[PDB]
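Student: Attaching a single structure in structure tokens format; questions to follow.
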Amino acid sequence: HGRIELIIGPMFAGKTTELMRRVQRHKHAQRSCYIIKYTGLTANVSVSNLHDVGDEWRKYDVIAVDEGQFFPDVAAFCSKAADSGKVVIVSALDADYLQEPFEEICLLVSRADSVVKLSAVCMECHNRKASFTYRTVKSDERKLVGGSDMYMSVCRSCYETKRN
Amino acid sequence: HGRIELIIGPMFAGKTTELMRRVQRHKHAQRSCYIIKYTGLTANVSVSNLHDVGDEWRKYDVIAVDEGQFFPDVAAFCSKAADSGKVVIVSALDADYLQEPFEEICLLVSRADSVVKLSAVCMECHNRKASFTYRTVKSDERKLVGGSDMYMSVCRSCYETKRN
Amino acid sequence: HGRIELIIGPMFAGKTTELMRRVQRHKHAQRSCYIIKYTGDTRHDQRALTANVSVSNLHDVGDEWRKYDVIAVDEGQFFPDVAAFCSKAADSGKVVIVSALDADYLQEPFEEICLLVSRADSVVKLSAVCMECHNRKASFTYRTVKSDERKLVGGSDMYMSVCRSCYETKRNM
Amino acid sequence: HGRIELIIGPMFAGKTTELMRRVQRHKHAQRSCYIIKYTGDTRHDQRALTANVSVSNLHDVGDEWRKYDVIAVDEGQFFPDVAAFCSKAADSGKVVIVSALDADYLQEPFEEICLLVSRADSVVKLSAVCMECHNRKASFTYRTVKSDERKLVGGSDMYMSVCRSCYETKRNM
Ligand SMILES: Cc1cn([C@H]2C[C@H](O)[C@@H](CO)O2)c(=O)[nH]c1=O
Ligand SMILES: Cc1cn([C@H]2C[C@H](O)[C@@H](CO)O2)c(=O)[nH]c1=O
Ligand SMILES: Cc1cn([C@H]2C[C@H](O)[C@@H](CO)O2)c(=O)[nH]c1=O
Ligand SMILES: Cc1cn([C@H]2C[C@H](O)[C@@H](CO)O2)c(=O)[nH]c1=O
Ligand SMILES: [Zn+2]
Ligand SMILES: [Zn+2]
Ligand SMILES: [Zn+2]
Ligand SMILES: [Zn+2]
């Protein structure tokens, strides 16, 4: 019946591209896919609690959740949908800019049938796989929406070096 | 220094999306990428022999070749470029519609640092991973350019069943 | 230089075998490899093919780990300080390879292995085959004896790996 | 129902260990597993943990394979009829798992394993660690003794796995 697939890794690793790659595969076989985006055959939605999707997700074979770390109830949602027979596919950061985990994505790891962690390329040294996201601006808000001028994906030693 | 990464699998598996996912990762780290398409920071090209790229590829860190099975000299090209220090990334069909291999992509398998085979979803039964491409029109031309109205990706047993 | 590779999944998924596969690769290239096992864990021991030690926490290895290129930690969920140990060692240039359960018998995470996920360069989650229905990939471990101790050391005499629906079916009974 | 899983890569990459990891998973779910080895291949034998046989070609197994859920073929490149055997068995509903070299010591493909790639549901290529430089992933096998026999049975006494540039450097010498 149902399942949970989780795609994790730092920023700039292509997690969302991989999520969509997987959604597209299902669409070619005539499966209905519902894509849930965050904001503070097919159907799309931008939302801020998974509670706000209501029961719309039940009309679909495949449910995809992007930026899963922004949703506070994501693990319970995914479990409920997978228990109802859906293929659920989630892309999320596993770690925040302090290399500390998103507790809800932890729960997903433990509930997932598959977990892939993608890597990026180090934006500091340009020579190594990157597994970490470095926040290049001062802020102690955990959630801070932004791109390459506020964050960069780095290798282990560039992360240490830049922590000075 | 250099390497060869190969992405194989049947049609509708998202091989090209995965190739581009990888190219994008490199671009975020300021690496130059040259993309070579078939037709009968960045640069694109449509060509029919890899001979026709000349030595343009030497100006790039990363070389990507799409639809590799259409190029008759692809293995030697990839080896030459990887021996010169390039990251080479190739997407190709491993098997033709008769489940017979493309001999040049065989050579690549043996020369590659990494080989991933993606799956599609079965377009006949809609219930299983698909690893094969079934040609739905009569033709005994090996090369026959087309989409879902001429081909479908199928699972092992749907391929047998449809072979009647 | 250094890195953390994590292998997770339920019981019966071959996590230790994958660990030892990776160690052997390094050994062919003449790299020094140290395997750290948990002293309480009782289960051919492939882990006797290089330098190794049995401890109850990682503090008791002392600084012996510094003498190696590669450090492998088996049954990582048993060690209370595993994340920090791994990070210290990977910061000193070691290739650190850890096998661990990500989830306990209640599908609740081991918090220390959660930290490792976030610190790891590589994370693979292996599957088992459902030992109840025999027809599906299994991602969960089901405890088949009555005990509410979170830690309870054992094998197929006390646990089985199951698919998502077999885990539900068996919990309701 | 049936499938073909292929594990390729150079020597010292742990292909047989991965094969036996997969067999063990199936065994925990009580599935019948048969391991077919090559009679000429001399190299703890994990492959003695289920039903097994040593043959020179696959024809000599006869129909014994039909009694199993899972068939594993080790050193597939030695068998002249391996592709057809695998396809026959996978068409009868078996999970067939093959480990093999994809490339010989000259980086030239084993044609029969090429056919398997095209017939396989899953293909993984494992790497080794470069046994010359000790600093890079290795995807090639280098023969360290003089012999132009394509088939020459041996281990680290006759071969080493190497990265792309170490293979060039050593060929020029
Ligand atoms: C690493 C990190 C990223 N982000 C954001 C930046 C982007 O908008 C988004 C990454 O997709 O999440 C945070 O909010 N906090 C963090 O700690
Ligand atoms: C399976 C198969 C696909 N193709 C084509 C169809 C598409 O144009 C392309 C797949 O990208 O290759 C062939 O030319 N021959 C074949 O046997
Ligand atoms: C799933 C699970 C296993 N175990 C034990 C059984 C084994 O000895 C070890 C896993 O190999 O962990 C626990 O102690 N708690 C649990 O929740
Ligand atoms: C690379 C290579 C290995 N071998 C042998 C050595 C081993 O006995 C077996 C690989 O495990 O294959 C060959 O016979 N020819 C070759 O080209
Ligand atoms: Zn770096
Ligand atoms: Zn089908
Ligand atoms: Zn089950
Ligand atoms: Zn080397």
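How things are named: the first chain in the structure tokens is A, the next is B, and so on; residues count from 1 in each chain; ligands count from 1 in the order shown.
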Which residues, written as a ChimeraX atom specification, have at least one atom at most 12 Å from residue 140 (chain B), with only C-alpha atoms counted and residues fewer than 3 positions away on the same chain left out?
Tutor: /B:96-98,135-137,143-144
Student: Extract, using only C-alpha atoms, all DNA, RNA and protein residues at most 9 Å from residue 124 (chain B), discarding same-chain residues fewer than 4 positions from it, and format them as a count of residues only.
Tutor: 8
Student: Pick out the chain A residues within 9 Å of chain B. Count only C-alpha atoms. Give them as a list in words.
Tutor: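 So the contacting residues turn out to be residues 12, 13, 14, 15, 17, 18, 21, 22, 24, 25, 26, 27, 28, 29, 30, 31, 119, 120, 121, 122, 123, 124, 125, 126, 127, 148 and 153 of chain A.
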Student: Could you pull out the residues in region 1-163 of chain B that DSSP calls strand (DSSP E or B) from the backbone, as a PyMOL selection string?
Tutor: chain B and resi 3-8+33-38+42-47+62-65+87-91+95+101+114-117+120-121+129-130+132-135+151-154
Student: Within 12 Å of residue 60 (chain D), counting only C-alpha atoms, which residues qualify if same-chain residues fewer than 4 places away don't, as a ChimeraX atom specification?
Tutor: /D:36-39,53-56,64-65,79,81,85
Student: So which residues of region 42-171 of chain D fall under alpha helix (DSSP H) by DSSP, listed as a list in words?
Tutor: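 Going through region 42-171 of chain D, the alpha helix (DSSP H) residues come out as residues 82, 83, 84, 85, 86, 87, 88, 89, 90, 91, 111, 112, 113, 114, 115, 116, 117, 118, 119, 164, 165, 166, 167, 168, 169, 170 and 171 of chain D.
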Student: If you keep N, CA, C and O atoms, can you produce a file of those selected residues as a JSON list (two decimals), in the first residue's frame?
Tutor:
[["chain", "number", "residue", "atom", "x", "y", "z"],
["D", 82, "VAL", "N", 25.46, -16.70, -18.65],
["D", 82, "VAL", "CA", 24.82, -16.09, -17.52],
["D", 82, "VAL", "C", 23.63, -15.22, -17.81],
["D", 82, "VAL", "O", 22.62, -15.25, -17.06],
["D", 83, "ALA", "N", 23.69, -14.45, -18.86],
["D", 83, "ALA", "CA", 22.51, -13.60, -19.16],
["D", 83, "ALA", "C", 21.22, -14.32, -19.42],
["D", 83, "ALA", "O", 20.16, -13.97, -18.92],
["D", 84, "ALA", "N", 21.32, -15.40, -20.19],
["D", 84, "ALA", "CA", 20.16, -16.13, -20.54],
["D", 84, "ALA", "C", 19.61, -16.84, -19.29],
["D", 84, "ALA", "O", 18.40, -17.01, -19.16],
["D", 85, "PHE", "N", 20.52, -17.37, -18.46],
["D", 85, "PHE", "CA", 20.13, -18.08, -17.22],
["D", 85, "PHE", "C", 19.35, -17.16, -16.33],
["D", 85, "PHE", "O", 18.25, -17.42, -15.95],
["D", 86, "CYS", "N", 19.90, -15.99, -16.13],
["D", 86, "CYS", "CA", 19.23, -14.99, -15.31],
["D", 86, "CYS", "C", 17.86, -14.63, -15.82],
["D", 86, "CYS", "O", 16.91, -14.45, -15.01],
["D", 87, "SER", "N", 17.75, -14.43, -17.13],
["D", 87, "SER", "CA", 16.47, -14.02, -17.71],
["D", 87, "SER", "C", 15.42, -15.16, -17.57],
["D", 87, "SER", "O", 14.29, -14.92, -17.22],
["D", 88, "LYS", "N", 15.84, -16.40, -17.82],
["D", 88, "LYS", "CA", 14.96, -17.54, -17.66],
["D", 88, "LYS", "C", 14.44, -17.63, -16.23],
["D", 88, "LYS", "O", 13.26, -17.79, -15.97],
["D", 89, "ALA", "N", 15.35, -17.42, -15.29],
["D", 89, "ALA", "CA", 14.98, -17.57, -13.90],
["D", 89, "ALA", "C", 14.13, -16.43, -13.50],
["D", 89, "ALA", "O", 13.10, -16.62, -12.81],
["D", 90, "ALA", "N", 14.52, -15.22, -13.84],
["D", 90, "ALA", "CA", 13.63, -14.05, -13.50],
["D", 90, "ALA", "C", 12.27, -14.19, -14.18],
["D", 90, "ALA", "O", 11.25, -13.88, -13.55],
["D", 91, "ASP", "N", 12.22, -14.73, -15.40],
["D", 91, "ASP", "CA", 10.87, -14.96, -16.04],
["D", 91, "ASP", "C", 10.04, -15.99, -15.32],
["D", 91, "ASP", "O", 8.84, -15.86, -15.36],
["D", 111, "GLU", "N", 31.16, -9.03, -22.07],
["D", 111, "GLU", "CA", 30.02, -8.84, -22.95],
["D", 111, "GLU", "C", 28.73, -9.41, -22.33],
["D", 111, "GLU", "O", 27.63, -8.89, -22.46],
["D", 112, "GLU", "N", 28.88, -10.54, -21.68],
["D", 112, "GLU", "CA", 27.75, -11.20, -21.05],
["D", 112, "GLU", "C", 27.18, -10.29, -19.87],
["D", 112, "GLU", "O", 25.98, -10.24, -19.60],
["D", 113, "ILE", "N", 28.05, -9.51, -19.23],
["D", 113, "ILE", "CA", 27.64, -8.69, -18.10],
["D", 113, "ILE", "C", 26.99, -7.41, -18.67],
["D", 113, "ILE", "O", 26.00, -6.87, -18.15],
["D", 114, "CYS", "N", 27.51, -6.96, -19.77],
["D", 114, "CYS", "CA", 26.78, -5.98, -20.63],
["D", 114, "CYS", "C", 25.39, -6.35, -20.96],
["D", 114, "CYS", "O", 24.46, -5.56, -20.77],
["D", 115, "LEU", "N", 25.18, -7.57, -21.45],
["D", 115, "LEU", "CA", 23.79, -8.00, -21.62],
["D", 115, "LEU", "C", 23.01, -7.91, -20.33],
["D", 115, "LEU", "O", 21.80, -7.55, -20.34],
["D", 116, "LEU", "N", 23.64, -8.28, -19.19],
["D", 116, "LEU", "CA", 22.87, -8.25, -17.90],
["D", 116, "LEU", "C", 22.46, -6.85, -17.49],
["D", 116, "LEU", "O", 21.38, -6.65, -16.98],
["D", 117, "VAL", "N", 23.34, -5.88, -17.73],
["D", 117, "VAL", "CA", 23.01, -4.52, -17.42],
["D", 117, "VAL", "C", 21.67, -4.18, -18.06],
["D", 117, "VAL", "O", 20.80, -3.61, -17.42],
["D", 118, "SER", "N", 21.51, -4.58, -19.31],
["D", 118, "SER", "CA", 20.31, -4.17, -20.12],
["D", 118, "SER", "C", 19.13, -4.92, -19.67],
["D", 118, "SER", "O", 18.04, -4.49, -19.89],
["D", 119, "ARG", "N", 19.35, -6.09, -19.07],
["D", 119, "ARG", "CA", 18.21, -6.92, -18.56],
["D", 119, "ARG", "C", 17.84, -6.75, -17.10],
["D", 119, "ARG", "O", 16.88, -7.35, -16.62],
["D", 164, "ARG", "N", 41.55, 6.16, -11.73],
["D", 164, "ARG", "CA", 41.75, 6.38, -13.16],
["D", 164, "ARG", "C", 43.22, 6.77, -13.53],
["D", 164, "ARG", "O", 43.81, 6.14, -14.42],
["D", 165, "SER", "N", 43.79, 7.72, -12.80],
["D", 165, "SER", "CA", 45.18, 8.19, -13.06],
["D", 165, "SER", "C", 46.23, 7.21, -12.65],
["D", 165, "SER", "O", 47.15, 7.00, -13.42],
["D", 166, "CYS", "N", 46.09, 6.54, -11.49],
["D", 166, "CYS", "CA", 47.00, 5.43, -11.18],
["D", 166, "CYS", "C", 46.95, 4.34, -12.23],
["D", 166, "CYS", "O", 47.97, 3.77, -12.57],
["D", 167, "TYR", "N", 45.78, 4.02, -12.77],
["D", 167, "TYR", "CA", 45.76, 3.03, -13.88],
["D", 167, "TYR", "C", 46.62, 3.52, -15.09],
["D", 167, "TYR", "O", 47.39, 2.73, -15.60],
["D", 168, "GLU", "N", 46.49, 4.79, -15.50],
["D", 168, "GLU", "CA", 47.36, 5.34, -16.59],
["D", 168, "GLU", "C", 48.86, 5.26, -16.25],
["D", 168, "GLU", "O", 49.64, 4.61, -16.97],
["D", 169, "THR", "N", 49.22, 5.87, -15.13],
["D", 169, "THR", "CA", 50.60, 5.88, -14.60],
["D", 169, "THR", "C", 51.22, 4.48, -14.59],
["D", 169, "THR", "O", 52.30, 4.26, -15.10],
["D", 170, "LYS", "N", 50.52, 3.51, -14.03],
["D", 170, "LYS", "CA", 51.06, 2.16, -14.02],
["D", 170, "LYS", "C", 51.12, 1.45, -15.41],
["D", 170, "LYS", "O", 51.93, 0.52, -15.55],
["D", 171, "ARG", "N", 50.23, 1.81, -16.36],
["D", 171, "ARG", "CA", 50.17, 1.16, -17.69],
["D", 171, "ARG", "C", 51.47, 1.64, -18.41],
["D", 171, "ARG", "O", 52.25, 0.82, -18.84]]
Student: Provide the CA of residue 74 (chain A) to CA of residue 103 (chain C) distance in Å, to one decimal place.
Tutor: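 About the pair CA of residue 74 (chain A) and CA of residue 103 (chain C): they are 17.3 Å apart.
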Student: Take CA of residue 2 (chain D) and CA of residue 96 (chain D) and report the distance between them in Å, one decimal.
Tutor: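 If I compute the distance from CA of residue 2 (chain D) to CA of residue 96 (chain D), I get 7.5 Å.
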Student: Which polymer residues have any atom within 12 Å of an atom of region 77-80 of chain A, counting only C-alpha atoms, with same-chain residues fewer than 6 positions away left out, as a PyMOL selection string?
Tutor: (chain A and resi 2-6+36+49-55+57-58+62-65+68+71+86-91+104-105+107-113) or (chain C and resi 107+164-165+168)
Student: If we count only C-alpha atoms and set the cut-off at 12 Å, which residues sit around residue 11 (chain C), ignoring sequence neighbours fewer than 5 positions away in its own chain? Please answer as a ChimeraX atom specification.
Tutor: /C:16-17,75,99-105,125-131,138-143,153-156,158-163 /D:24-25,28
Student: Would you mind exporting N, CA and C atoms of the selected residues as an mmCIF file, in the first residue's frame?
Tutor:
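Okay, part_26.cif is ready:
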data_model
loop_
_atom_site.group_PDB
_atom_site.id
_atom_site.type_symbol
_atom_site.label_atom_id
_atom_site.label_comp_id
_atom_site.auth_asym_id
_atom_site.auth_seq_id
_atom_site.Cartn_x
_atom_site.Cartn_y
_atom_site.Cartn_z
ATOM 1 N N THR C 16 25.478 -4.012 9.888
ATOM 2 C CA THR C 16 26.834 -4.337 10.290
ATOM 3 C C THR C 16 27.671 -4.925 9.125
ATOM 4 N N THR C 17 27.050 -5.780 8.326
ATOM 5 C CA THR C 17 27.713 -6.329 7.146
ATOM 6 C C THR C 17 28.160 -5.196 6.213
ATOM 7 N N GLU C 75 26.436 -0.561 16.289
ATOM 8 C CA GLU C 75 25.320 -0.462 17.250
ATOM 9 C C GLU C 75 25.358 0.942 17.935
ATOM 10 N N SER C 99 27.104 2.363 12.175
ATOM 11 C CA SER C 99 25.843 1.669 11.962
ATOM 12 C C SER C 99 25.015 1.793 13.197
ATOM 13 N N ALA C 100 23.720 2.009 13.021
ATOM 14 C CA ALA C 100 22.825 2.237 14.101
ATOM 15 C C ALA C 100 21.425 2.085 13.694
ATOM 16 N N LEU C 101 20.569 1.691 14.674
ATOM 17 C CA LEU C 101 19.116 1.876 14.505
ATOM 18 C C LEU C 101 18.791 3.383 14.549
ATOM 19 N N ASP C 102 17.967 3.830 13.635
ATOM 20 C CA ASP C 102 17.424 5.179 13.653
ATOM 21 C C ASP C 102 16.170 5.227 14.553
ATOM 22 N N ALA C 103 15.410 4.150 14.577
ATOM 23 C CA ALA C 103 14.147 3.987 15.336
ATOM 24 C C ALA C 103 14.165 2.811 16.298
ATOM 25 N N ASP C 104 13.491 2.978 17.437
ATOM 26 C CA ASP C 104 13.344 1.886 18.409
ATOM 27 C C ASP C 104 12.117 1.092 18.000
ATOM 28 N N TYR C 105 11.754 0.132 18.828
ATOM 29 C CA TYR C 105 10.600 -0.742 18.577
ATOM 30 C C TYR C 105 9.252 -0.065 18.568
ATOM 31 N N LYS C 125 19.840 4.511 4.399
ATOM 32 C CA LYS C 125 18.919 3.755 5.226
ATOM 33 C C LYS C 125 18.660 2.428 4.541
ATOM 34 N N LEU C 126 19.087 1.312 5.124
ATOM 35 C CA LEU C 126 18.837 0.002 4.464
ATOM 36 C C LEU C 126 17.500 -0.523 4.934
ATOM 37 N N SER C 127 16.961 -1.414 4.158
ATOM 38 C CA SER C 127 15.729 -2.091 4.462
ATOM 39 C C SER C 127 16.025 -3.549 4.764
ATOM 40 N N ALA C 128 15.049 -4.202 5.347
ATOM 41 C CA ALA C 128 15.021 -5.581 5.594
ATOM 42 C C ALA C 128 13.894 -6.148 4.759
ATOM 43 N N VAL C 129 13.640 -7.454 4.860
ATOM 44 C CA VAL C 129 12.430 -8.026 4.223
ATOM 45 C C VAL C 129 11.440 -8.316 5.313
ATOM 46 N N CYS C 130 10.151 -8.004 5.091
ATOM 47 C CA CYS C 130 9.125 -8.223 6.139
ATOM 48 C C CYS C 130 9.103 -9.669 6.592
ATOM 49 N N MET C 131 9.360 -9.864 7.891
ATOM 50 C CA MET C 131 9.408 -11.173 8.474
ATOM 51 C C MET C 131 8.015 -11.663 8.853
ATOM 52 N N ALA C 138 10.808 -4.054 4.481
ATOM 53 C CA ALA C 138 10.582 -3.765 5.868
ATOM 54 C C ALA C 138 11.493 -2.636 6.308
ATOM 55 N N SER C 139 10.900 -1.631 6.953
ATOM 56 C CA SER C 139 11.602 -0.476 7.455
ATOM 57 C C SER C 139 11.505 -0.309 8.976
ATOM 58 N N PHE C 140 10.772 -1.200 9.634
ATOM 59 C CA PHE C 140 10.508 -1.119 11.078
ATOM 60 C C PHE C 140 10.922 -2.381 11.793
ATOM 61 N N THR C 141 11.288 -2.247 13.055
ATOM 62 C CA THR C 141 11.571 -3.354 13.929
ATOM 63 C C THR C 141 10.436 -3.501 14.955
ATOM 64 N N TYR C 142 9.882 -4.709 15.035
ATOM 65 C CA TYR C 142 8.820 -5.102 15.912
ATOM 66 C C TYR C 142 9.396 -5.940 17.018
ATOM 67 N N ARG C 143 9.124 -5.582 18.282
ATOM 68 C CA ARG C 143 9.605 -6.413 19.422
ATOM 69 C C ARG C 143 8.558 -7.513 19.704
ATOM 70 N N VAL C 153 18.739 -6.093 24.676
ATOM 71 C CA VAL C 153 19.657 -6.723 23.769
ATOM 72 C C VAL C 153 19.194 -8.096 23.332
ATOM 73 N N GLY C 154 19.189 -8.325 22.027
ATOM 74 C CA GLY C 154 18.644 -9.557 21.453
ATOM 75 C C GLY C 154 18.622 -9.579 19.927
ATOM 76 N N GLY C 155 18.206 -10.716 19.393
ATOM 77 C CA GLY C 155 18.181 -11.004 18.001
ATOM 78 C C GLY C 155 16.802 -11.424 17.577
ATOM 79 N N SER C 156 16.745 -12.399 16.655
ATOM 80 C CA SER C 156 15.483 -12.872 16.125
ATOM 81 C C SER C 156 14.590 -13.599 17.160
ATOM 82 N N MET C 158 13.829 -12.158 19.940
ATOM 83 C CA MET C 158 13.101 -11.027 20.512
ATOM 84 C C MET C 158 12.595 -9.970 19.575
ATOM 85 N N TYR C 159 13.017 -9.991 18.316
ATOM 86 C CA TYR C 159 12.612 -8.922 17.362
ATOM 87 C C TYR C 159 12.357 -9.471 15.983
ATOM 88 N N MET C 160 11.613 -8.717 15.208
ATOM 89 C CA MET C 160 11.487 -8.975 13.803
ATOM 90 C C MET C 160 11.319 -7.695 13.021
ATOM 91 N N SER C 161 11.750 -7.676 11.781
ATOM 92 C CA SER C 161 11.656 -6.455 11.000
ATOM 93 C C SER C 161 10.378 -6.621 10.205
ATOM 94 N N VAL C 162 9.623 -5.535 10.041
ATOM 95 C CA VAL C 162 8.336 -5.583 9.358
ATOM 96 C C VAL C 162 8.071 -4.374 8.516
ATOM 97 N N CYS C 163 7.198 -4.577 7.550
ATOM 98 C CA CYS C 163 6.696 -3.531 6.685
ATOM 99 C C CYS C 163 5.666 -2.680 7.485
ATOM 100 N N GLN D 24 21.200 -12.667 2.936
ATOM 101 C CA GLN D 24 20.807 -12.814 4.329
ATOM 102 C C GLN D 24 19.487 -12.139 4.655
ATOM 103 N N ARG D 25 19.212 -10.970 4.059
ATOM 104 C CA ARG D 25 17.970 -10.266 4.270
ATOM 105 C C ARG D 25 16.821 -11.182 3.926
ATOM 106 N N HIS D 28 16.213 -14.021 6.400
ATOM 107 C CA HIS D 28 15.460 -13.708 7.601
ATOM 108 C C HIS D 28 13.956 -13.768 7.353
#
Student: Write down, as a VMD selection string, each residue of chain B that has any atom within 6 Å of an atom of chain D, counting only C-alpha atoms.
Tutor: chain B and resid 94 to 95 99 101 106 110 113 115 117 131
Student: Print the selection's residues with C-alpha atoms to a file, as a short mmCIF file (atom, residue, chain, number, x, y, z; two decimals), in the first residue's frame.
Tutor:
data_model
loop_
_atom_site.label_atom_id
_atom_site.label_comp_id
_atom_site.auth_asym_id
_atom_site.auth_seq_id
_atom_site.Cartn_x
_atom_site.Cartn_y
_atom_site.Cartn_z
CA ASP B 94 21.48 1.16 -21.69
CA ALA B 95 18.96 -1.01 -23.53
CA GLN B 99 16.32 -5.16 -24.35
CA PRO B 101 22.38 -3.13 -25.23
CA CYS B 106 28.49 -0.83 -22.35
CA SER B 110 33.30 -0.23 -17.84
CA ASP B 113 33.41 5.92 -11.84
CA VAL B 115 26.75 4.16 -12.69
CA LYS B 117 20.30 2.97 -13.26
CA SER B 131 13.16 -1.02 -16.13
#
Student: Counting only C-alpha atoms, what is within 6 Å of residue 32 (chain A), bar same-chain residues fewer than 3 positions away, as a list in words?
Tutor: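 With the cut-off at 6 Å, the set is residues 41, 42, 60 and 61 of chain A.
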Student: If we count only C-alpha atoms and set the cut-off at 10 Å, which residues sit around residue 44 (chain D), ignoring sequence neighbours fewer than 4 positions away in its own chain? Please answer as a list in words.
Tutor: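 The neighbour list is residues 44, 45 and 46 of chain C; 48 of chain D.
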Student: Deliver the residues from the most recent selection as a file, using N, CA and C atoms, as a PDB file, in the first residue's frame.
Tutor:
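See result.pdb below for the written result:
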ATOM      1  N   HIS C  44      30.324 -16.104  12.033  1.00  0.00           N
ATOM      2  CA  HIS C  44      31.660 -15.482  12.069  1.00  0.00           C
ATOM      3  C   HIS C  44      31.603 -13.945  12.398  1.00  0.00           C
ATOM      4  N   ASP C  45      32.260 -13.549  13.507  1.00  0.00           N
ATOM      5  CA  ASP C  45      32.479 -12.126  13.852  1.00  0.00           C
ATOM      6  C   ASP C  45      33.510 -11.541  12.841  1.00  0.00           C
ATOM      7  N   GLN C  46      32.997 -10.787  11.863  1.00  0.00           N
ATOM      8  CA  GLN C  46      33.824 -10.150  10.812  1.00  0.00           C
ATOM      9  C   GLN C  46      34.722  -9.015  11.414  1.00  0.00           C
TER      10      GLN C  46
ATOM     11  N   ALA D  48      28.557 -20.557   2.264  1.00  0.00           N
ATOM     12  CA  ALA D  48      28.113 -21.818   2.945  1.00  0.00           C
ATOM     13  C   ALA D  48      26.886 -21.719   3.983  1.00  0.00           C
TER      14      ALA D  48
END
Student: Could you check which of C:49, C:29, C:173, C:152 is closest to chain D, using only C-alpha atoms?
Tutor: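 Comparing C:49, C:29, C:173, C:152 against chain D, the winner is C:29.
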Student: Could you check the closest approach to chain D for each of C:145, C:97, C:13, C:72 and tell me which residue wins, using only C-alpha atoms?
Tutor: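 For chain D, the nearest of the candidates is C:13.
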Student: Rank nothing, just name the residue among D:12, D:5, D:59, D:92 nearest to ligand 4, using only C-alpha atoms and all ligand atoms.
Tutor: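 Closest to ligand 4, using only C-alpha atoms and all ligand atoms: D:12.
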